[PDB]
Amino acid sequence: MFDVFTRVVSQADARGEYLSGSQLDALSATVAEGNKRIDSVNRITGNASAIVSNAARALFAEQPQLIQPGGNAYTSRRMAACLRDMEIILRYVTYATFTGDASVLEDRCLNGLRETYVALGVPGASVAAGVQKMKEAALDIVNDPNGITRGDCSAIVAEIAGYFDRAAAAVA
Amino acid sequence: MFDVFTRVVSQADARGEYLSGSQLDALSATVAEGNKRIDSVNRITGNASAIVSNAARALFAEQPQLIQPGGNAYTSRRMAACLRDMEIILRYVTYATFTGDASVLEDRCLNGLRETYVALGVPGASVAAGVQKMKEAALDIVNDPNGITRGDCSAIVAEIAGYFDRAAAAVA
Amino acid sequence: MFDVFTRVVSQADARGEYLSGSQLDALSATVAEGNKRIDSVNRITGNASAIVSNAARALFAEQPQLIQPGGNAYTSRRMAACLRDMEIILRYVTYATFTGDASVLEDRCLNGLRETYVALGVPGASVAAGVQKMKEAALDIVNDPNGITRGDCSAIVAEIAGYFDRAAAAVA
Amino acid sequence: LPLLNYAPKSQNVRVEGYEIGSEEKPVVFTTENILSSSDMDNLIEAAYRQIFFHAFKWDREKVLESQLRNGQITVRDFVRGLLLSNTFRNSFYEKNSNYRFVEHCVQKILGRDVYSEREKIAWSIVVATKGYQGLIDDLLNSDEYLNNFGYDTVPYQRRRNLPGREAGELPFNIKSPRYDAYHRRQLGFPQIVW
Amino acid sequence: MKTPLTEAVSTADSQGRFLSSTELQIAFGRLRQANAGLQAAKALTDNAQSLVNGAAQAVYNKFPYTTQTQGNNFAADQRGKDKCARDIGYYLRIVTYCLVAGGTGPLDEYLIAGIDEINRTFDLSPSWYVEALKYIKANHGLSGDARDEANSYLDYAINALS
Amino acid sequence: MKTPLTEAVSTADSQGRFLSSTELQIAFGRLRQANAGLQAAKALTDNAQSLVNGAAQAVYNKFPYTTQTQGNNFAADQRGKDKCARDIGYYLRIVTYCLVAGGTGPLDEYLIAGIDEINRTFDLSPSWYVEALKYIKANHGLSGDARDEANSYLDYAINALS
Amino acid sequence: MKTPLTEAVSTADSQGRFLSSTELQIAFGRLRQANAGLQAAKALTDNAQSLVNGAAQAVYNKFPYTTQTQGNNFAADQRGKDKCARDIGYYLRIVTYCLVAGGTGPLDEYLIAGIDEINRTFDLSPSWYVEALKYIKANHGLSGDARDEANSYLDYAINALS
Amino acid sequence: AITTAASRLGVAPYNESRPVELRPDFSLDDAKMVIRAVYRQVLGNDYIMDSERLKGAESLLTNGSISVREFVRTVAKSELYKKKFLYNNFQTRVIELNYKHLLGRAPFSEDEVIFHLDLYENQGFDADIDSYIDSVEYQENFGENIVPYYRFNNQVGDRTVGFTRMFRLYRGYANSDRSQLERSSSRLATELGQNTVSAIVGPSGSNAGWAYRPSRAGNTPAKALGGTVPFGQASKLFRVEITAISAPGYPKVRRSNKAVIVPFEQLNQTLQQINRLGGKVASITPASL
Ligand SMILES: *[C@@H](C)[C@H]1/C(=C/c2[nH]c(/C=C3N=C(/C=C4\NC(=O)C(CC)=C4C)C(C)=C\3CCC(=O)O)c(CCC(=O)O)c2C)NC(=O)[C@@H]1C
Ligand SMILES: *[C@@H](C)[C@H]1/C(=C/c2[nH]c(/C=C3N=C(/C=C4\NC(=O)C(CC)=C4C)C(C)=C\3CCC(=O)O)c(CCC(=O)O)c2C)NC(=O)[C@@H]1C
Ligand SMILES: *[C@H](C)[C@H]1/C(=C/c2[nH]c(/C=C3N=C(/C=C4\NC(=O)C(CC)=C4C)C(C)=C\3CCC(=O)O)c(CCC(=O)O)c2C)NC(=O)[C@@H]1C
Ligand SMILES: *[C@H](C)[C@H]1/C(=C/c2[nH]c(/C=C3N=C(/C=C4\NC(=O)C(CC)=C4C)C(C)=C\3CCC(=O)O)c(CCC(=O)O)c2C)NC(=O)[C@@H]1C
Ligand SMILES: *[C@H](C)[C@H]1/C(=C/c2[nH]c(/C=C3N=C(/C=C4\NC(=O)C(CC)=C4C)C(C)=C\3CCC(=O)O)c(CCC(=O)O)c2C)NC(=O)[C@@H]1C
Ligand SMILES: *[C@H](C)[C@H]1/C(=C/c2[nH]c(/C=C3N=C(/C=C4\NC(=O)C(CC)=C4C)C(C)=C\3CCC(=O)O)c(CCC(=O)O)c2C)NC(=O)[C@@H]1C
Ligand SMILES: *[C@H](C)[C@H]1/C(=C/c2[nH]c(/C=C3N=C(/C=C4\NC(=O)C(CC)=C4C)C(C)=C\3CCC(=O)O)c(CCC(=O)O)c2C)NC(=O)[C@@H]1C
Ligand SMILES: *[C@H](C)[C@H]1/C(=C/c2[nH]c(/C=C3N=C(/C=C4\NC(=O)C(CC)=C4C)C(C)=C\3CCC(=O)O)c(CCC(=O)O)c2C)NC(=O)[C@@H]1C
Ligand SMILES: *[C@H](C)[C@H]1/C(=C/c2[nH]c(/C=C3N=C(/C=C4\NC(=O)C(CC)=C4C)C(C)=C\3CCC(=O)O)c(CCC(=O)O)c2C)NC(=O)[C@@H]1C
Ligand SMILES: *[C@H](C)[C@H]1/C(=C/c2[nH]c(/C=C3N=C(/C=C4\NC(=O)C(CC)=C4C)C(C)=C\3CCC(=O)O)c(CCC(=O)O)c2C)NC(=O)[C@@H]1C
Ligand SMILES: *[C@H](C)[C@H]1/C(=C/c2[nH]c(/C=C3N=C(/C=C4\NC(=O)C(CC)=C4C)C(C)=C\3CCC(=O)O)c(CCC(=O)O)c2C)NC(=O)[C@@H]1C
Ligand SMILES: *[C@H](C)[C@H]1/C(=C/c2[nH]c(/C=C3N=C(/C=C4\NC(=O)C(CC)=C4C)C(C)=C\3CCC(=O)O)c(CCC(=O)O)c2C)NC(=O)[C@@H]1C
Ligand SMILES: *[C@H](C)[C@H]1/C(=C/c2[nH]c(/C=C3N=C(/C=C4\NC(=O)C(CC)=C4C)C(C)=C\3CCC(=O)O)c(CCC(=O)O)c2C)NC(=O)[C@@H]1C
């Protein structure tokens with residue numbers, strides 16, 4: 001996988017040149033925001049169960065046919081598999097937030113997942129809707145100011161939102 | 001795989017209601033011929049080697065090109081493979097007769113068999129002819145009146161014939 | 001495996017009591033020793049090839065019977081295995097130094113190593129002599145005053161020397 | 001009857017990779033390291049992910065786990081018990097054809113993709129002739145398995161990621177879910193939304 | 001799926017042999033039990049609404065907090081009660097499926113597999129469903145083999161839950 | 001036992017390589033966190049008994065039926081109250097262990113693995129312990145890195161129970 | 001590409017777990033090291049040409065036969081000298097990459113992996129590159145964390161070459 | 001007795017070796033034979049240099065001033081014995097060596113370790129040696145005039161645990177009790193503490209898998225708890241001890257000694273795999289049924 005530093009390293013090595021001053025300054029600015037990235041990762045991790053469960057309940061309320069008999073979320077095993085999948089997507093989006101680059105999320109979770117859900121009959125659009133609900137809940141947890149040093153976390157929130165809709169597009 | 005009961009159960013669970021009175025009556029009807037079903041399975045199992053050997057001999061008699069040098073049944077390994085596939089197809093139709101549902105036969109024996117025969121150069125039509133020969137021998141053996149409490153076995157014979165036809169059509 | 005903190009934690013859980021103030025202060029003292037420990041690990045790691053090669057050269061100079069034909073270090077594969085064993089023992093000594101506990105060295109490296117050497121005919125006493133030579137070389141490297149903040153690393157050096165002693169007693 | 005001869009195919013695992021340990025090197029979960037109970041939990045979960053992708057507690061084999069913890073059985077024996085377990089038979093054998101059961105066996109025991117359709121065809125007859133456990137033991141006693149994972153190491157997808165590349169081959173749990181379109185249409189999916 | 005017929009063919013297939021006398025005896029046992037199981041399923045189906053209503057009411061009586069405290073996992077509102085009655089209906093319907101099939105297989109594949117995950121994820125206490133199943137035990141009005149088989153499935157669900 | 005140092009050594013040992021600058025930075029992060037972890041464990045330990053009794057009282061308040069319902073699994077008698085306070089004390093003590101060790105290792109080793117079987121067989125609602133952990137979060141009175149790490153362990157336990 | 005961040009994610013993913021406080025401390029250690037790594041990379045970059053030229057001259061001085069004997073693997077002609085300068089520049093550039101990344105990953109997959117077969121196939125003596133790296137160590141003029149980390153990478157390359 | 005497996009073990013030379021008795025009015029060869037037998041058996045077949053020989057004790061035994069039992073006591077209390085067996089050994093190893101030399105048998109249980117360790121710590125080494133020699137067991141086996149010898153064969157007050165532990169203490173005829181693989185480590189501490197036994201592995205030249213020794217931890221247990229369930233369908237289970245595993249090389253091979261519980265149906269495959277890994281089979285013991 002690649003992280004935020006290593007992405008720039010890989011482009012520079014492909015071009016076979018040293019990192020320029022501007023690239024090093026950009027990485028220094030990335031280092032400057034590392035605390036916000038770590039605590040956003042921590043906040044999502046500490047609220048993962050609530051995010052997954054609330055998003056799932058909202059999804060089955062908006063799409064009752066998922067949980068009605070014959071639905072893809074009907075029966076306990078299918079319902080638990082769906083919850084697990086929500087949690088897996090959330091965990092890999094936290095990985096991507098932690099590294100600062102989407103390589104782990106694509107390589108380990110997203111790439112080929114659409115074909116997996118096509119092969120299983122899992123409605124990928126409904127998975128995308130679930131991922132959007134997780135995104136909404138997760139952005140609320142990252143953005144709440146209680147019990148934390150106040151600051152501007154808009155850049156990291158935008159990066160997290162980008163990872164989440166990337167997951168939603170990948171499963172659709 | 002399913003059995004005569006689990007198939008109705010799976011359909012009802014997919015549509016999410018209880019088995020109707022008519023469905024329960026049909027299943028009670030099916031357990032009324034259960035002794036005849038066990039008799040048919042036992043008779044085919046007790047004469048499996050004879051059925052396979054006689055059907056193979058007749059098939060190579062009317063289709064000499066299979067056993068001519070260069071034919072698909074030529075050489076000991078390929079000929080043993082042909083005898084093996086006949087025995088396996090007969091065994092899985094006995095499984096289907098036992099459970100009362102063709103699912104085992106479909107799932108384990110006929111799923112992908114035609115494509116495999118195409119890839120190997122195995123003539124599927126000749127396999128269909130051989131399993132039709134096994135059908136005539138097995139249905140004669142099931143319908144043998146000697147040594148058994150006489151009764152009407154037309155329904156179970158029709159079910160077994162359907163399994164054998166389904167196995168023939170999977171490769172034909 | 002265990003590190004310096006988890007050893008105290010495991011003992012405390014076995015007693016079923018909170019860590020005492022003395023134990024917390026001792027762990028704080030260990031924390032204050034952390035930079036010196038990291039420096040020792042880095043210094044042994046940076047000279048690992050020199051340590052292994054010089055110790056092996058000295059060992060085969062003092063014990064020529066190892067490298068004469070018929071000796072255990074004779075032939076290229078047995079010589080390569082010997083050098084590799086020395087590097088592995090050094091590596092696990094650095095693992096124990098890094099964690100502050102000898103559990104990694106005992107469980108992953110020294111468990112069964114004596115029995116392995118006697119089963120293969122590897123002279124364990126000569127392995128202990130080579131480990132001794134790596135010990136003196138590595139302790140001289142750790143105590144090098146050039147190019148490092150001066151301070152007292154005697155406790156770290158004693159701990160590292162203890163790890164080497166364990167390795168040498170175990171292999172002999 | 002001897003197995004059909006099938007030609008190999010160019011693969012990363014067939015060729016020397018000069019691998020240096022990194023984030024893409026699969027973690028070696030081995031009992032040779034005298035693992036604590038929590039490290040054994042990690043090793044056991046690695047085996048569950050390799051064999052069942054995910055294991056619900058209905059899918060867990062607590063008796064097998066206790067046996068592996070006590071040293072009664074090796075890691076390879078635990079892998080065999082997972083493959084012979086009810087979860088594996090119901091999810092991967094029952095819901096798939098024999099050919100797509102060889103795949104899900106080559107992929108997660110040997111840690112490599114199948115060479116071709118011919119390999120799938122050749123190994124698919126083994127269940128019906130030598131038995132299910134016959135296939136499991138043939139794959140576990142194979143030179144490929146023993147040379148790669150031995151007795152004490154949990155198998156894994158081998159050489160999935162080449163160095164420097166952003167993405168390697170698809171993980172087998174993504175590439176090959178328990179079932180495919182055959183059992184999908186037997187179930188009645190895909191379902192229309194709204 | 002766990003059912004006498006499916007396992008007989010499954011165990012014979014997994015070791016690559018023809019059905020023998022042992023699988024025939026398994027089928028004979030299935031034939032002996034089948035009529036009682038079908039009759040039990042019919043009896044449980046006929047007053048399924050009364051059984052489900054009584055079981056849900058029994059859960060509410062033993063656990064009054066479930067009808068009082070507010071929460072998504074509780075039945076204080078009509079939405080919670082509807083979810084609860086639907087869950088009890090699932091339990092009873094799958095029990096009838098097990099009676100028809102002759103084994104705990106419908107419960108295993110439709111309800112038991114990953115029920116633990118459900119209850120933990122949505123904060124549904126398994127003791128609630130245990131009390132519902134004990135009401136179904138005590139009020140199904142079955143006798144003979146029908147009662148014994150049906151109680152075995154209900155106790156199977158209870159043992160999985162508890 | 002998950003810690004920054006043991007994980008770094010385990011990663012290096014699996015890769016069969018010497019500890020690099022990556023593992024050195026892992027140790028540096030452990031050093032950066034360790035002091036605040038140690039004073040978090042001290043502060044939690046000094047106020048441990050009061051925190052445990054307050055969490056017990058909070059659980060009894062949110063779930064009143066636990067104090068007036070008969071049964072081995074409830075706290076309607078002194079025996080049950082004692083076992084409840086002991087359980088909450090176990091949670092608190094192992095959280096202090098996690099703060100000392102710098103990871104969830106003590107929780108995984110001593111409490112997380114197998115807690116679901118315990119809560120199922122002894123019919124103990126994980127929501128009670130979740131409420132106890134919420135009270136401990138709300139009342140441990142920590143700040144900064146001590147607060148963050150401690151709340152991470154308590155939330156790890158909450159997520160494990162939910 | 002071994003770095004602290006990617007290894008923390010690999011450890012968490014290999015256990016199927018979210019990112020706990022252990023991984024967070026790994027990231028904190030990475031943040032502590034990163035500014036020094038970036039300034040070390042900048043210092044090496046600005047002095048790259050002089051360092052490469054001096055390292056090439058040090059290799060030529062210590063091994064004069066390289067500038068005298070003919071052969072594809074030697075620097076007797078301009079072609080060999082350009083190849084040698086290019087190789088030494090490769091080493092310096094990849095070391096700066098490692099300083100940026102925070103691990104040996106750039107060296108591991110851009111340079112270290114397979115370098116043995118490179119040296120054997122083209123009859124390139126690894127002692128040449130060892131002396132070039134030694135010159136870079138002696139003349140990079142770094143101090144503090146910058147030096148320690150850069151020197152760790154340089155000794156990592158030297159250890160891989162010997 | 002031990003007949004078929006005597007040569008494979010180190011028992012065959014002791015089968016035709018009669019006990020060395022000093023008769024009343026003995027000749028000088030009888031005295032020298034007693035001296036030679038005592039040196040060989042009490043000092044555990046160590047080479048005895050001329051400078052280390054107890055000249056005075058030999059003279060006294062030759063003269064009849066001391067009995068065979070007294071000469072054995074003098075040898076066991078000598079500085080030579082303490083240098084060879086006491087000063088560099090864990091006292092449990094000292095007890096093992098005492099039982100092997102003075103009584104010709106292995107310790108039976110932890111109670112003997114308790115008694116001898118307490119007696120050494122409270123009254124010294126000489127008193128402990130005296131307890132070995134003034135014991136009822138010594139008197140009934142050797143008495144006053146017979147050199148102690150290895151008691152391989154079954155006797156009246158035996159336990160079979162002692163028969164198994166004898167081959168943990170005795171490692172062949174051309175072996176010297178200070179030249180064994182385990183060196184100075186106690187061979188029976190775990191066994192006596194846990195009241196367990198090890199499969200008997202014979203001496204080097206008669207047994208290819210002679211070098212097998214279990215590690216400190218990560219050892220396969222003796223019995224197959226769980227039966228054949230983890231191995232699918234299986235008839236019987238066997239614990240196989242394998243030594244000298246080297247072919248794949250590190251890291252594929254970590255410990256050269258490995259014990260595996262395998263089904264009967266995989267025994268052929270297990271043997272082939274052992275041959276491939278270059279190993280030697282030390283023992284095979286039924287593990288189930
Ligand atoms: C946007 C995401 C929200 C936000 C974040 C924010 N955090 C900080 C500062 C810090 N956060 C931490 C985090 C931790 N300390 C620990 O020991 C652990 C446990 C493993 C964690 C997660 C740290 C160390 C700091 C620095 C010290 C401090 O307490 O300030 C900031 C301040 C700027 C900075 O980057 O340092 C900000 C902005 N704040 C908001 O307003 C958002 C809701
Ligand atoms: C068509 C299949 C043929 C046929 C069958 C037939 N059989 C019965 C009745 C029984 N057959 C059995 C069978 C077995 N008993 C055993 O112990 C075993 C071996 C394990 C077997 C296979 C049994 C138990 C019965 C019931 C008792 C009885 O003998 O009557 C019938 C009678 C009706 C029924 O359904 O039971 C029939 C009709 N009869 C034919 O004419 C066909 C050629
Ligand atoms: C939930 C929001 C939706 C849903 C989910 C659903 N998924 C499955 C089954 C599988 N999902 C996966 C997932 C992954 N494989 C990977 O390797 C990773 C990345 C690391 C992921 C995300 C797989 C492999 C399966 C099949 C195997 C298994 O489930 O154990 C199911 C059930 C399908 C079945 O019966 O097998 C379900 C229900 N379905 C919905 O209706 C929601 C919209
Ligand atoms: C005999 C009637 C005809 C015939 C057969 C034939 N088949 C093969 C080879 C294979 N047949 C199979 C069969 C199956 N796959 C399954 O999963 C199932 C259900 C359990 C079955 C029945 C397979 C997989 C193979 C290939 C593997 C193997 O043979 O071991 C051959 C051999 C072909 C070859 O050796 O190249 C033959 C000859 N051939 C005829 O001419 C008859 C008409
Ligand atoms: C070098 C100082 C001495 C020496 C060494 C030597 N060792 C071997 C063979 C092996 N060494 C090991 C090592 C280990 N196993 C572990 O698990 C650990 C800890 C992680 C270690 C250190 C093993 C397993 C073997 C066997 C397989 C292999 O060779 O890799 C040999 C070869 C013996 C032979 O003939 O096969 C040698 C020569 N020998 C000397 O003379 C030095 C004193
Ligand atoms: C002890 C064997 C020798 C010694 C050690 C020593 N080191 C320090 C201080 C530090 N060392 C480091 C280490 C690193 N910084 C990096 O970036 C890297 C690579 C990742 C390493 C290895 C650090 C960060 C410090 C603290 C800051 C500083 O530069 O001083 C000390 C001082 C006390 C302390 O513990 O910090 C000491 C004593 N000094 C000797 O004289 C011994 C030979
Ligand atoms: C050299 C003349 C050209 C070149 C080569 C190149 N190849 C690879 C990578 C691989 N090569 C193979 C090939 C095989 N695998 C097989 O099974 C067989 C038969 C035994 C062969 C020949 C494979 C599978 C790989 C990938 C696995 C691995 O590299 O370890 C590379 C590396 C690509 C990368 O991204 O690392 C290269 C560079 N490249 C050129 O520019 C030359 C024209
Ligand atoms: C009734 C005894 C108690 C109760 C019930 C209640 N249940 C839910 C939610 C769900 N119930 C299930 C269970 C199943 N689904 C299946 O398909 C099957 C197997 C065939 C079972 C057993 C599931 C999966 C859910 C969640 C999904 C859904 O929205 O239905 C709720 C709502 C929980 C929530 O957060 O929305 C409730 C209220 N509540 C009580 O108070 C009773 C004591
Ligand atoms: C308190 C929040 C509620 C409560 C408590 C209660 N607990 C039990 C019984 C047990 N609690 C445990 C838990 C642990 N043991 C451990 O070792 C650890 C990990 C370190 C934990 C978390 C266990 C194992 C038991 C059962 C055995 C035992 O008694 O120790 C009971 C009694 C249950 C019974 O007697 O069957 C009770 C009452 N009760 C309430 O009402 C509170 C809301
Ligand atoms: C300089 C220290 C000595 C020297 C150099 C020399 N090198 C080569 C050839 C090659 N060098 C490399 C090395 C790399 N390529 C890479 O991509 C990287 C990693 C990023 C490295 C380190 C390679 C692969 C070659 C061969 C292919 C090529 O020509 O590029 C030569 C020429 C050898 C030949 O046969 O042409 C020379 C001369 N020569 C000296 O005398 C110095 C002491
Ligand atoms: C000489 C060619 C090589 C050599 C030999 C050497 N051997 C020992 C020690 C012992 N040798 C034996 C062998 C026997 N004792 C017997 O009773 C019998 C016949 C049944 C044999 C074959 C024994 C048992 C020992 C140990 C007893 C003792 O007192 O040592 C040593 C001494 C080792 C040491 O003192 O540490 C030596 C030196 N050494 C060489 O270098 C030659 C190649
Ligand atoms: C006291 C602080 C702890 C403790 C002690 C304890 N030890 C034993 C038993 C034994 N201790 C030994 C020790 C030695 N053997 C030697 O050779 C040497 C000196 C050279 C030593 C130190 C041995 C061999 C035994 C076994 C014999 C015996 O039991 O006396 C016990 C008794 C164990 C039992 O169950 O019998 C005890 C109690 N126990 C604690 O709880 C303290 C922490
Ligand atoms: C007879 C039913 C079978 C049989 C027996 C047999 N046993 C031996 C030898 C020994 N038996 C023992 C057993 C014990 N020793 C004890 O001290 C105890 C009680 C505490 C027991 C149970 C031992 C240790 C031996 C060897 C020592 C000795 O015999 O003194 C033999 C002789 C083998 C040989 O001569 O090599 C035999 C024949 N053999 C059969 O075939 C019967 C099935």
Side-chain angles (χ1 to χ4, degrees), chain H residues 1-23 30 33-34 36-46 67-69 71-72 75-76 85 95-113 115-116 131-177 180 182 187-188 191-192 195-207 209-210 222 282-286:
Chain H
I2 299 91
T3 68
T4 313
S7 179
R8 83 178 81 262
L9 305 167
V11 180
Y14 299 98
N15 272 346
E16 68 273 15
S17 82
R18 292 244 66 210
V20 180
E21 187 198 359
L22 202 59
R23 298 271 276 271
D30 290 358
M33 190 60 238
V34 164
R36 171 169 305 254
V38 165
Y39 281 152
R40 190 183 186 87
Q41 210 265 350
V42 174
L43 299 164
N45 202 29
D46 244 41
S67 76
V68 161
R69 203 190 59 144
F71 180 60
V72 164
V75 172
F85 308 120
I95 296 160
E96 310 180 352
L97 288 174
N98 289 343
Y99 272 98
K100 167 167 180 291
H101 298 149
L102 308 174
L103 285 184
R105 75 150 170 98
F108 281 167
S109 54
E110 189 77 356
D111 294 0
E112 291 159 295
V113 172
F115 171 82
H116 285 300
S131 73
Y132 289 101
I133 286 169
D134 303 308
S135 72
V136 190
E137 170 165 20
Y138 191 100
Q139 174 67 56
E140 280 158 40
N141 281 280
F142 318 124
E144 191 76 13
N145 316 123
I146 299 170
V147 179
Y149 52 88
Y150 294 150
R151 289 147 65 204
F152 291 114
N153 298 322
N154 177 223
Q155 281 180 243
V156 175
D158 274 0
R159 311 187 197 186
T160 180
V161 70
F163 180 84
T164 59
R165 292 163 175 168
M166 179 39 51
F167 301 98
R168 296 277 301 115
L169 298 189
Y170 169 72
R171 300 296 313 158
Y173 200 70
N175 181 243
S176 176
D177 180 306
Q180 317 183 329
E182 279 163 89
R187 278 82 163 147
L188 305 178
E191 266 173 53
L192 290 160
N195 194 17
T196 57
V197 288
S198 311
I200 292 175
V201 185
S204 61
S206 298
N207 303 92
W210 62 270
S283 70
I284 299 168
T285 308

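In what follows, every heavy atom counts, from backbone to side chain, and hydrogens, waters and symmetry copies are set aside. Residue numbers start from 1 in every chain, and the chains themselves are labelled A, B, ... in the order their sequence lines are given, proteins ahead of strands.
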Pair H/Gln180, H/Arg187: side-chain N/O donor-acceptor within cut-off below 3.5 Å: yes
Check for me whether H/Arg40 meets the cation-pi criterion with H/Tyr173, that is, NZ or CZ under 6.0 Å from the six-membered ring centre and within 45 degrees of the ring axis. yes
Considering all heavy atoms of both residues, which atom of H/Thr164 and which atom of H/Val197 are nearest to each other, and what is their separation? OG1-CG1, 3.4 Å
In short, H/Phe142 meets H/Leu103 closest at the heavy-atom pair CZ-O, 3.5 Å
Are the side chain of H/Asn15 and the backbone N or O of H/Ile2 linked by a donor-acceptor pair below 3.5 Å? yes
Within-4.5 Å side-chain heavy-atom neighbours: H/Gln41 and H/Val20: no
Side-chain heavy-atom pair H/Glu137, H/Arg151 within 4.5 angstrom cut-off: yes
Any chance you could measure H/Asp134, atom CG, to H/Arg69, atom CZ, to the nearest 0.5 Å? 5.0 Å
Least distance between heavy atoms, H/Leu97 atom then H/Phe85 atom: CD1-CD2, 3.7 Å
Does any N or O in the side chain of H/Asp30 come within less than 3.5 Å of the main-chain N or O of H/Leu22, such that one atom is a donor and the other an acceptor? no
Parallel, tilted or perpendicular, judged at 30° and 60°: which one describes the rings of H/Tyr14 and H/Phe152? tilted
If every non-hydrogen atom of H/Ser67 is compared with every non-hydrogen atom of H/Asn145, which pair is closest and at what distance? CB-ND2, 4.4 Å
Any side-chain donor near an acceptor of the partner, H/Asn45 and H/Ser176, under 3.5 Å: no
Between the main-chain N or O of H/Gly202 and the side-chain N or O of H/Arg171, is there a donor-acceptor pair closer than 3.5 Å? yes
When rounded to the nearest 0.5 Å, the distance separating CD1 of H/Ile146 from OH of H/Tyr138 is 9.0 Å
is_close_aromatic(H/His101, H/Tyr132), centroid dist under 6.0 Å: no
Compare all side-chain heavy atoms of H/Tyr170 with those of H/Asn175 and state whether any distance is below 4.5 angstrom. no
H/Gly209 and H/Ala282 have their tightest heavy-atom pair at O-CB, 3.2 Å
Considering only NZ, NE, NH1 and NH2 on the basic side and carboxylate oxygens on the acidic side, decide whether H/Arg165 and H/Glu96 come within less than 4.0 Å. no
Heavy-atom pair of closest approach, residues H/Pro19 and H/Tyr149: CB-CE2, 3.6 Å
Is there a side-chain contact between H/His116 and H/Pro107, using heavy atoms and a 4.5 Å cut-off? no
Would you check if the side chain of H/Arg8 reaches a backbone N or O of H/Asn207 as a donor-acceptor pair within less than 3.5 Å? no
Side-chain touch H/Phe167/H/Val11, heavy atoms, less than 4.5 angstrom: yes
Measure the shortest side-chain to side-chain distance between H/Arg168 and H/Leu188 over non-hydrogen atoms and say whether it is less than 4.5 angstrom. yes
Evaluate the side-chain proximity of H/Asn195 to H/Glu110: yes if any heavy-atom separation is below 4.5 Å, no if none is. no
